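Report on the following structure.
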Amino acid sequence: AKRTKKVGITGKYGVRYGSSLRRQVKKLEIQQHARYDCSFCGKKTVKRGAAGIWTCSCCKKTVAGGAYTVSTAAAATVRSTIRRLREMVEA
Amino acid sequence: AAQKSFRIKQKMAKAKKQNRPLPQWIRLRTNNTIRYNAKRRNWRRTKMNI
Amino acid sequence: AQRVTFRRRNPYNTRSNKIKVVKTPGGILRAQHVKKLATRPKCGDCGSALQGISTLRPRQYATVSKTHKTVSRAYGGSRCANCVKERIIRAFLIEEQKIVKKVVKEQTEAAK
Amino acid sequence: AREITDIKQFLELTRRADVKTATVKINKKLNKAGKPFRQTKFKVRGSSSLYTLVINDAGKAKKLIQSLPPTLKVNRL
Amino acid sequence: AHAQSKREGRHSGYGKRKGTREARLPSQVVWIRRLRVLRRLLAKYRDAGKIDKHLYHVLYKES
Amino acid sequence: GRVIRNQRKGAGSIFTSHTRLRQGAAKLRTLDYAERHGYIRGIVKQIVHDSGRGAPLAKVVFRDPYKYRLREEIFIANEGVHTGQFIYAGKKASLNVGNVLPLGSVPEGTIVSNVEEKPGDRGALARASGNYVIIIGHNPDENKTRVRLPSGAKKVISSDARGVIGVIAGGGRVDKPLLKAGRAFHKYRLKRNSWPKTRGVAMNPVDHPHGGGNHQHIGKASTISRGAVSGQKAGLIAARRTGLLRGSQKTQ
RNA sequence: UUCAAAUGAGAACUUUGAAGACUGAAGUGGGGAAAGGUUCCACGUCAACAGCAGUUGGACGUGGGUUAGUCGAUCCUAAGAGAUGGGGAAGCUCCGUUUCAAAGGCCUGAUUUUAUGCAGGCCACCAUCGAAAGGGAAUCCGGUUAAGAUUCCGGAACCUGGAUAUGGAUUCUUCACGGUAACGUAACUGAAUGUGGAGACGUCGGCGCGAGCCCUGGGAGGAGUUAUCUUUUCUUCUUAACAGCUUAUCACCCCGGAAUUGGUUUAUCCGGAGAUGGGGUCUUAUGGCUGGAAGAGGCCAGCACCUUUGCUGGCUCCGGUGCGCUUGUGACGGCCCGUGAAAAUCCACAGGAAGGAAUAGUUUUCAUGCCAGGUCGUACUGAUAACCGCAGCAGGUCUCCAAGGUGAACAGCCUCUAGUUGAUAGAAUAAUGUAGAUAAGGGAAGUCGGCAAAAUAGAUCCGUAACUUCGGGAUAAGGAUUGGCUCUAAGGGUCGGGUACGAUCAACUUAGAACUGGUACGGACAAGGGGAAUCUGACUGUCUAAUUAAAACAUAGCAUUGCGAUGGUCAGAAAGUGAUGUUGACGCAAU
RNA sequence: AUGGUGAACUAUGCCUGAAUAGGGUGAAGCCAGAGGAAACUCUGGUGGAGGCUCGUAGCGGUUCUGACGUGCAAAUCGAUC
Ligand SMILES: [Mg+2]
Ligand SMILES: [Mg+2]
Ligand SMILES: [Mg+2]
Ligand SMILES: [Mg+2]
Ligand SMILES: [Mg+2]
Ligand SMILES: [Mg+2]
Ligand SMILES: [Mg+2]
Ligand SMILES: [Mg+2]
Ligand SMILES: [Mg+2]
Ligand SMILES: [Mg+2]
Ligand SMILES: [Mg+2]
Ligand SMILES: [Mg+2]
Ligand SMILES: [Mg+2]
Ligand SMILES: [Mg+2]
Ligand SMILES: [Mg+2]
Ligand SMILES: [Mg+2]
Ligand SMILES: [Mg+2]
Ligand SMILES: [Mg+2]
Ligand SMILES: [Mg+2]
Ligand SMILES: [Mg+2]
Ligand SMILES: [Mg+2]
Ligand SMILES: [Mg+2]
Ligand SMILES: [Mg+2]
Ligand SMILES: [Mg+2]
Ligand SMILES: [Mg+2]
Ligand SMILES: [Mg+2]
Ligand SMILES: [Mg+2]
Ligand SMILES: [Mg+2]
Ligand SMILES: [Mg+2]
Ligand SMILES: [Mg+2]
Ligand SMILES: [Mg+2]
Ligand SMILES: [Mg+2]
Ligand SMILES: [Mg+2]
Ligand SMILES: [Mg+2]
Ligand SMILES: [Mg+2]
Ligand SMILES: [Mg+2]
Ligand SMILES: [Mg+2]
Ligand SMILES: [Mg+2]
Ligand SMILES: [Mg+2]
Ligand SMILES: [Mg+2]
Ligand SMILES: [Mg+2]
Ligand SMILES: [Mg+2]
Ligand SMILES: [Mg+2]
Ligand SMILES: [Mg+2]
Ligand SMILES: [Mg+2]
Ligand SMILES: [Mg+2]
Ligand SMILES: [Mg+2]
Ligand SMILES: [Mg+2]
Ligand SMILES: [Mg+2]
Ligand SMILES: [Mg+2]
Ligand SMILES: [Mg+2]
Ligand SMILES: [Mg+2]
Ligand SMILES: [Mg+2]
Ligand SMILES: [Mg+2]
Ligand SMILES: [Mg+2]
Ligand SMILES: [Mg+2]
Ligand SMILES: [Mg+2]
Ligand SMILES: [Mg+2]
Ligand SMILES: [Mg+2]
Ligand SMILES: [Mg+2]
Ligand SMILES: [Mg+2]
Ligand SMILES: [Mg+2]
Ligand SMILES: [Mg+2]
Ligand SMILES: [Mg+2]
Ligand SMILES: [Mg+2]
Ligand SMILES: [Mg+2]
Ligand SMILES: [Mg+2]
Ligand SMILES: [Mg+2]
Ligand SMILES: [Mg+2]
Ligand SMILES: [Mg+2]
Ligand SMILES: [Mg+2]
Ligand SMILES: [Mg+2]
Ligand SMILES: [Mg+2]
Ligand SMILES: [Mg+2]
Ligand SMILES: [Mg+2]
Ligand SMILES: [Mg+2]
Ligand SMILES: [Mg+2]
Ligand SMILES: [Mg+2]
Ligand SMILES: [Mg+2]
Ligand SMILES: [Mg+2]
Ligand SMILES: [Mg+2]
Ligand SMILES: [Mg+2]
Ligand SMILES: [Mg+2]
Ligand SMILES: [Mg+2]
Ligand SMILES: [Mg+2]
Ligand SMILES: [Mg+2]
Ligand SMILES: [Mg+2]
Ligand SMILES: [Mg+2]
Ligand SMILES: [Mg+2]
Ligand SMILES: [Mg+2]
Ligand SMILES: [Mg+2]
Ligand SMILES: [Mg+2]
Ligand SMILES: [Mg+2]
Ligand SMILES: [Mg+2]
Ligand SMILES: [Mg+2]
Ligand SMILES: [Mg+2]
Ligand SMILES: [Mg+2]
Ligand SMILES: [Mg+2]
Ligand SMILES: [Mg+2]
Ligand SMILES: [Mg+2]
Ligand SMILES: [Zn+2]
């Protein structure tokens with residue numbers, strides 16, 4: 001039974017603060033709380049634990065990540081850049 | 001209070017002893033001039049300030 | 001009906017001032033102060049309570065016989081069995097793989 | 001603080017040097033569901049423990065009481 | 001005496017009622033009671049072979 | 001009149017930092033013999049929250065080359081580094097996220113964090129959640145290396161300045177609206193006594209250059225000069241322009 | 001508030017008895033923290049003092065009273081304070097606290113001139129003060145006083161330090177065996193050095209369990225009511241620390257190899273990184289049985305006699321219930337740009353220096369045994385009279401325990417236990433008052449203004465507009481219903497079933513139907529007035545203690561400014577000084 | 001003016017502790033169901049979010065411009081908030 005037309009989790013804030021700030025929060029909230037895939041044991045069990053700390057239910061690895069999402073655009077591109085620049089050093 | 005330093009206990013002790021009336025035999029002495037105890041103290045009219 | 005008083009001068013509900021009500025042979029209720037609960041020693045590697053070991057407030061462990069403070073296996077009352085299983089395999093394999101690395105690079109040197 | 005059952009082990013206490021006093025207590029109790037029976041408790045005061053031995057058998061009780069060291073300061077009831 | 005006439009259902013009409021229906025008895029208590037019952041009738045009917053594990057595992061989620 | 005607020009901050013009475021819960025200082029390894037001739041292996045043992053900090057810290061433990069024992073260091077975690085990972089610190093080390101390398105041995109375009117301003121100052125540049133610095137040049141004679149700091153400024157330092165490959169973790173923290181007063185509250189409650197902020201213009205003249213008047217107003221340019229003196233500098237200190245910024249910034 | 005007695009020169013006011021009430025466990029109960037300091041307790045006692053009195057007192061006179069190895073302090077560290085080589089300063093002194101310092105001490109060996117020099121090897125920790133709520137070795141029940149009690153007496157324990165022997169264990173395979181394993185045990189050597197753990201940690205929510213309280217059946221006592229009725233009303237029936245065996249959610253192990261996916265929580269999490277299933281290992285919170293320990297305590301009956309006061313008997317038993325209440329705890333779950341101390345101290349492990357047997361060695365982390373445990377506080381009050389407010393001031397002042405009904409309920413109202421019945425008193429009941437109420441017809445015409453006051457109110461059901469950030473607005477508005485008594489129906493547990501059902505036990509909830517009354521029924525208590533707009537601040541929050549609570553301040557949001565440390569902003573008389581800074585532009589600072 | 005004494009009140013920060021009846025609302029997540037050619041849309045439950053809301057204690061101090069105004073009181077008392 002669809003409970004809210006649009007506020008979703010942001011439903012807690014009632015009428016306060018004004019739609020737009022609420023919309024912005026909703027987005028990052030949904031990222032920050034959501035359950036993630038663990039690169040290591042392959043289960044979806046990575047949940048957040050204070051901004052930038054991402055750690056795995058089963059299997060217990062902890063990864064430093066973005067403040068409200070595991071991997072951050074920037075992080076990744078840098079990860080790719082570092083790939084490429086490293087390659088230059090063996091060949 | 002109700003759990004004191006020995007310092008404070010001591011003072012309170014000394015205080016109790018000074019809290020008698022004039023020993024009436026002083027009154028009889030030659031040239032006696034002290035009528036009563038003019039430095040008497042009472043727990044609910046004057047506080048010790050420790 | 002019957003109520004209760006503290007049994008020490010401290011009148012507050014601190015963690016060190018827990019109270020338990022109790023029925024004495026006199027047929028009345030009386031407070032009794034209660035020590036904080038002991039927590040379980042933990043595995044130095046993985047993190048669980050390590051089984052086989054007693055749980056006492058830290059100084060009480062000097063009033064207890066050494067068998068209450070270990071299990072027999074290597075790294076008895078310190079690491080959690082499965083954890084020792086693991087580090088043994090890793091130890092063996094790495095030391096073996098180590099030898100592999102050496103005879104392979106000894107080969108490189110005389111074939112280059 | 002202590003309970004005991006080896007009627008052998010007990011006797012050995014009762015001659016354990018520091019065991020000066022001992023005491024025998026008598027109890028009416030009931031057997032199973034029906035009737036009653038005479039229970040006796042054999043308490044020995046070691047230097048740091050009060051061992052008591054409940055001889056539920058009136059018979060073994062009496063025989064045990066003359067088993068007691070003649071030098072022990074038994075308190076009767 | 002009164003307490004008797006309660007378990008006889010008396011003194012309990014709308015005029016004797018000040019806490020909301022939910023205060024008097026939570027909805028959730030009702031639920032947990034009811035759900036826990038179905039949940040465990042399923043277990044005996046399974047343990048007993050009366051029901052088979054495939055039927056039980058659907059009735060479960062359907063409960 | 002009175003001593004204005006920004007002058008009382010210097011004596012640090014109620015104004016010191018709130019420190020009781022912080023993990024310790026975040027610092028690279030002491031630039032010893034291992035790190036400047038070869039490399040040395042470590043293990044991140046834990047990555048962990050520092051109170052009043054954006055980005056998580058990484059406890060990373062190493063072996064003492066001189067005594068039989070473990071000496072544990074506190075790093076600021078780069079995005080990606082993980083419990084269990086092996087970290088390599090040293091001149092002759094390899095170019096992957098987490099390792100620590102002298103800016104000399106990294107090609108331009110390398111992206112590193114916690115960089116030293118002089119070699120061995122145990123880390124000084126780009127430590128905040130999200131931030132990093134990019135190597136843009138090298139000058140092998142007098143071994144300098146040129147980088148672009150987070151601000152935008154470009155600077156040159158010793159090629160023996162150490163950095164750590166990657167960006168700092170927990171980025172994006174600032175995109176989430178604080179929404180309410182209480183979150184700023186709990187925010188600064190673990191930083192310093194700088195919140196809330198009475199406007200100088202809601203004060204009385206004893207209190208501020210801005211105080212007083214029958215309506216609320218600054219009553220003179222709020223761009224104050226560098227040469228100004230304590231008790232005078234509230235407003236736009238040394239402001240070289242002012243007003244809504246129009247069109248792309250980004251330094252050229 | 002009242003009657004009487006007793007006392008006394010004297011009694012509205014003291015004491016006792018009777019009666020009427022109150023506080024109503026969110027106490028006018030039982031204790032403490034700060035603070036007081038003898039007010040505590042006995043005896044004597046009324047000149048002052050207790051705004052009447054006084055034979056009474058927290059007054060006055062005279063005395064007595066505060067018992068600790070286990071309760072606190074003492075130790076530890078917190079914010080912080082603060083000596084020291086130093087650096088400033090004319091100087092009083094300021095800065096620095098591990099800082100630009102030659103900073104100090106443990107284990108035993110070497111002595112058999114001898115008491116302790118050297119021989120190693122370490123360890124480089126750099127004062128100290130700072131918690132009677134944080135951390136922390138260890139005690140309980142019964143009894144006892146005019147006044148002390150976790151402190152005395154009794155009994156029964158525990159910890160720490162020191163000494164130590166006897167027993168057991170272990171060894172000719174020297175430094176124990178058993179278990180496939182998780183791991184077991186009464187023991188079962190272990191230096192330096194290293195490591196690990198405990199101390200040690202947010203908050204809310206539901207769920208599970210414990211304890212005490214609450215409710216309750218039977219039986220064995222005692223008390224009350226009995227014109228009539230009631231196998232009735234009230235009450236006693238308890239079990240400490242400590243110790244032996246046993247007991248647990250979680251976690252783990254072994255067998256096994258999974259789609260027709262299964263298991264499974266109130267809450268959707270888990271399984272080829274091994275689920276479901278079967279078998280085991282562990283923590284011992286907690287509980288059970290026994291020891292303690294019935295000899296104690298509780299309740300009764302039957303004799304005794306001025307006395308101290310005994311003495312003799314009995315009985316102290318078996319159960320039930322749960323969205324109960326308070327508290328404790330568990331496995332979970334929500335939250336965070338907040339992720340929620342430190343140190344003393346204790347243990348373990350990795351290591352293997354070493355020291356050790358067969359003619360007899362090793363072992364005190366197994367048992368038993370010996371000695372010792374200092375110093376100071378401990379009375380009482382904690383408040384409408386023991387503290388602060390000039391005082392026995394309607395003010396202020398930190399906390400624990402918490403029964404029955406009605407009810408959602410720690411509300412209000414009535415009660416049990418305990419504690420009070422203190423507040424000058426008598427006679428009248430004019431005006432005007434203070435506080436509490438009602439008022440025909442009208443219904444804001446009163447007034448700056450509906451100020452005051454009245455109206456509304458609980459619950460169940462029906463019904464609900466503009467507008468909106470879609471979350472609300474909303475209990476919108478507007479309606480009906482509600483007692484008593486007698487029925488009905490629906491909603492659960494527990495057991496055996498070869499590899500369809502029966503038998504019993506225990507619970508208020510919800511709906512429906514009769515009858516019934518001076519049409520009453522949330523019957524006291526309790527308990528929102530509502531609607532249409534304009535101005536203004538977004539909101540929650542903040543302030544002028546003691547004439548202003550607002551539209552003022554704050555705030556999220558928005559924008560601007562300064563700064564890459566040889567720095568920005570700020571402190572200081574100065575400095576080898578200081579705040580931001582345990583900081584680094586997703587930062588600090590300034591509007 | 002000079003040299004001294006105060007943070008037992010209060011303002012603010014830090015450290016370490018403690019405290020808060022009973023209700024209304026019903027946000028994410030989750031389960032089962034229904035429609036539809038499809039895209040997709042609907043329903044009933046569960047769950048227990050919020051500087052949310054009714055309201056004690058608490059904290060506050062709005063109106064009576066109530067009492068009092070040589071006071072209980074140099075700021076109190078009552079009702080309402
Ligand atoms: Mg009772
Ligand atoms: Mg006490
Ligand atoms: Mg063991
Ligand atoms: Mg064990
Ligand atoms: Mg070994
Ligand atoms: Mg619900
Ligand atoms: Mg339930
Ligand atoms: Mg069931
Ligand atoms: Mg399922
Ligand atoms: Mg000035
Ligand atoms: Mg500081
Ligand atoms: Mg502030
Ligand atoms: Mg501002
Ligand atoms: Mg402001
Ligand atoms: Mg102003
Ligand atoms: Mg000015
Ligand atoms: Mg100016
Ligand atoms: Mg102005
Ligand atoms: Mg303006
Ligand atoms: Mg009178
Ligand atoms: Mg009453
Ligand atoms: Mg009440
Ligand atoms: Mg009173
Ligand atoms: Mg007292
Ligand atoms: Mg006093
Ligand atoms: Mg007295
Ligand atoms: Mg007189
Ligand atoms: Mg007086
Ligand atoms: Mg008088
Ligand atoms: Mg008189
Ligand atoms: Mg006297
Ligand atoms: Mg005296
Ligand atoms: Mg102690
Ligand atoms: Mg001492
Ligand atoms: Mg100093
Ligand atoms: Mg100290
Ligand atoms: Mg202490
Ligand atoms: Mg303490
Ligand atoms: Mg005495
Ligand atoms: Mg007493
Ligand atoms: Mg006693
Ligand atoms: Mg004793
Ligand atoms: Mg004894
Ligand atoms: Mg000893
Ligand atoms: Mg053996
Ligand atoms: Mg350690
Ligand atoms: Mg630890
Ligand atoms: Mg703590
Ligand atoms: Mg104990
Ligand atoms: Mg099993
Ligand atoms: Mg097995
Ligand atoms: Mg409580
Ligand atoms: Mg946490
Ligand atoms: Mg341990
Ligand atoms: Mg040697
Ligand atoms: Mg021993
Ligand atoms: Mg000494
Ligand atoms: Mg006392
Ligand atoms: Mg009093
Ligand atoms: Mg006073
Ligand atoms: Mg005075
Ligand atoms: Mg007063
Ligand atoms: Mg009283
Ligand atoms: Mg009066
Ligand atoms: Mg009228
Ligand atoms: Mg009308
Ligand atoms: Mg008019
Ligand atoms: Mg009109
Ligand atoms: Mg007119
Ligand atoms: Mg007007
Ligand atoms: Mg007019
Ligand atoms: Mg009004
Ligand atoms: Mg009327
Ligand atoms: Mg509107
Ligand atoms: Mg409206
Ligand atoms: Mg009816
Ligand atoms: Mg039925
Ligand atoms: Mg406002
Ligand atoms: Mg407001
Ligand atoms: Mg004012
Ligand atoms: Mg003023
Ligand atoms: Mg206001
Ligand atoms: Mg006002
Ligand atoms: Mg705007
Ligand atoms: Mg200098
Ligand atoms: Mg103060
Ligand atoms: Mg509540
Ligand atoms: Mg309500
Ligand atoms: Mg609420
Ligand atoms: Mg279909
Ligand atoms: Mg709620
Ligand atoms: Mg609110
Ligand atoms: Mg409210
Ligand atoms: Mg209410
Ligand atoms: Mg109030
Ligand atoms: Mg307030
Ligand atoms: Mg008022
Ligand atoms: Mg007035
Ligand atoms: Mg007057
Ligand atoms: Mg109110
Ligand atoms: Zn994983």
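Along the chain as shown, residues are numbered 1 onward.
The backbone N, Cα and C atoms fix where each Cβ goes, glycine too.
Look at Swiss-Prot and you will find F:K45, F:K92, F:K118, F:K144 tagged as ubiquitin cross-link. Sequence annotations record features per position, and here Swiss-Prot assigns phosphoserine to F:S51, F:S94, F:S158, F:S159, F:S248 based on a large-scale study or a structure entry.
What Swiss-Prot annotates, mapped onto the structure for a quick look.
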residue: F:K45; record: ubiquitin cross-link; DSSP class: strand
residue: F:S51; record: phosphoserine; DSSP class: coil
residue: F:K92; record: ubiquitin cross-link; DSSP class: coil
residue: F:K118; record: ubiquitin cross-link; DSSP class: coil
residue: F:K144; record: ubiquitin cross-link; DSSP class: strand
residue: F:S158; record: phosphoserine; DSSP class: strand
residue: F:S248; record: phosphoserine; DSSP class: coil
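The shortest Cα-Cα distance from F:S158 (phosphoserine) to any of the recorded positions (F:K45, F:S94, F:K118) is found for F:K118.
Here the CA atom of F:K45 (ubiquitin cross-link) lies 19 Å from the CA atom of F:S51 (phosphoserine). Using F:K118 (ubiquitin cross-link) as the reference Cα, a 10 A cut-off selects F:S159 from the recorded positions F:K45, F:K92, F:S94, F:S159, F:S248. Around F:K144 (ubiquitin cross-link), a 10 Å sphere centred on its CB holds 18 further CB atoms from the protein chains shown. Considering only the modified residues F:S51, F:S158, F:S248, the Cβ with the fewest other Cβ atoms within 10 Å is that of F:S248. On a Cα basis, F:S94 (phosphoserine) lies 20 Å away from F:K45 (ubiquitin cross-link).
Summary: among the recorded sites (F:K45, F:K92, F:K118), the fewest other C-beta atoms within 10 A of the C-beta are counted at F:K118. Nearest in space to F:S159 (phosphoserine), taking C-alpha to C-alpha distance over the recorded positions F:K92, F:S94, F:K144, is F:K144. Checking each of the recorded positions F:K92, F:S94, F:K144 against F:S248 (phosphoserine) by C-alpha distance, the shortest gap belongs to F:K144.
Take the modified residues F:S94, F:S159: by the count of other Cβ atoms within 10 Å of each Cβ, the lowest one is F:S94. The distance from the Cα of F:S94 (phosphoserine) to the Cα of F:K144 (ubiquitin cross-link) comes to 20 Å. A separation of roughly 18 Å, to the nearest angstrom, links the Cα atoms of F:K92 (ubiquitin cross-link) and F:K144 (ubiquitin cross-link).
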